[PDB]
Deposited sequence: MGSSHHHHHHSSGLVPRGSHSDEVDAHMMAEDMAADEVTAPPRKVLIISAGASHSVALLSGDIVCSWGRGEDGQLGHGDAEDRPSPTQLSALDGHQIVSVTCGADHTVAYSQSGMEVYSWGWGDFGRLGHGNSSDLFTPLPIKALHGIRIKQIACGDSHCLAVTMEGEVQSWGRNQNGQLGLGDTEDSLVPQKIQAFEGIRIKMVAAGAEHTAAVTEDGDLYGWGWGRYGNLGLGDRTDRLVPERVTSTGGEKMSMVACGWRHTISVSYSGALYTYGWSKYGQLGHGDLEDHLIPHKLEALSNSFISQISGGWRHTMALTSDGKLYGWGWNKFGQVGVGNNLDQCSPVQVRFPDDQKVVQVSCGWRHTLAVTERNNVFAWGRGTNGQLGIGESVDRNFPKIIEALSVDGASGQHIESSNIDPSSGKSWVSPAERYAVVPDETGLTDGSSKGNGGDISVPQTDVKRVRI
């Protein structure tokens, strides 16, 4: 029988999926080794990442040009791709093309791992956070800007249990299990919801919600998306292409409720380079923001400044979504994987290298069916 998709993720120009039986498949651009196949060759179609077979990989996430995965049964974390500046976690700046076990995080019961562009964070079962990578903008939350190659606990969260964290390019945003919202790092576009445009070196509580407790948080490049316990998105940050989806191109320095989606309960969110996706509890996928490559999946190439429902064939309900920098993936209630947006590196998994502006099925997964080189 077909092997259903348990998890999906998207990075700069690569995509990854975790399939039943804990089989990690990856495709797209792999020139930096982020695909984990031992070679830099691109993969236009989903290619089974054989290196992780039998490791009981429980989840997988993708950074800019690096990927991380973790198995709870083995209590191990593997990483590959662009791993310098310590984001690899091996205590050295190695960029190997195959998964390697992060020994600095061996034996830690990881509840979640969020991969930023050049840093990663790991929420353990105890509600703690451990961060590593480069700390140029204080995004690691260590109170000061020095790089760290080893997962370092964020002492700013002493005694606070964190439900989840999301990492952007140079900023992050943790959400406490009590419902608070924290933001730190590159905050020079209103990214952090702190009411100004200064980058913070420590997790700072976001007071501009009106008592609203936050359940989820997703960080794009220069914007952030937040969902409340019983509400809808509270987007903020840079809004030049409408990625905040408030009907205008005005940026917001504090969590600003997205009133257009106030009529439906939002179950999941995601943010890419300059676009945003919001999956409701009813299985409807709304997309907005930058649409140059069609990554909003609304059937055109015009930037969408307000939420638009992305239509799937036969009206399939969407159970999962994940936005890349310039592409998006979605897993539907029928275990069909659709991909849209930019596909010049075949990250859409369709087997082609052309751009699609609306959901296209990945048949290999869906049940239905170098550098400084002078050009010649």
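Unmodelled segments of the deposited chain, in sequence order: 1-40, 410-433, 441-468.
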